[PDB]
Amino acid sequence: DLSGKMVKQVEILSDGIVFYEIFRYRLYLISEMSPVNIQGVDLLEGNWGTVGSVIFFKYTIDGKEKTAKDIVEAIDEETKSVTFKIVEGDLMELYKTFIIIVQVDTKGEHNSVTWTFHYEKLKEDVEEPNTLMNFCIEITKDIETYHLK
């Protein structure tokens, strides 16, 4: 079984509404908020925040520069979810398919962000994407702590 799933939920100190705003409509802000990790987010087709939009990422993992081109496969505005399908880039050298779901809980009480990966490895010895999950959680912490008062 070359297919896998990885899920991590973290509670955030910042407003979930704003976190979802970023991931849906203003994804380019993550260059500014997590500049060590993300060097560019470039819309290529469509409109920010719409299903089918195509986005190019320039990022750095373990000090090495990588790229990805993603399609926004799904949006659920009620559950504050957005699903990104990776279609090209370094990850495609290891995974046949890779989907990342970001889902934000804003019940009111608290706020959390859940990151879900669904992937299929090209080979059995390909690693689980722990380093990428750590990266995503880091980005999340950079956003939540950006310009704290």
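Residue numbers here begin at 1 and follow the sequence given.
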Mean Cα B-factor comparison, 3-11 or 138-146, giving the higher one as deposited: 3-11
Please work out which of 127-135 and 15-23 has the higher mean CA B-factor as recorded in the PDB entry. 127-135
Highest Cα temperature factor in the entry, among the options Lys96, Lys58, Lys80, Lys69: which one is it? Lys96
Based on what the PDB entry reports, which of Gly40, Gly63, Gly52, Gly49 has the top C-alpha B-factor? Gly63
Lowest, middle or highest third: where is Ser31 by C-alpha B factor in its chain? middle
Consider only the C-alpha atoms of the modelled residues in this chain, order them by B-factor as the entry records it, and name the third containing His118: lowest, middle or highest. middle
Sorting the chain's modelled residues by C-alpha B-factor and splitting them into thirds places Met92 in the highest
Using only modelled residues of the chain, where does the Cα B factor of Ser112 rank: lowest third, middle third or highest third? middle
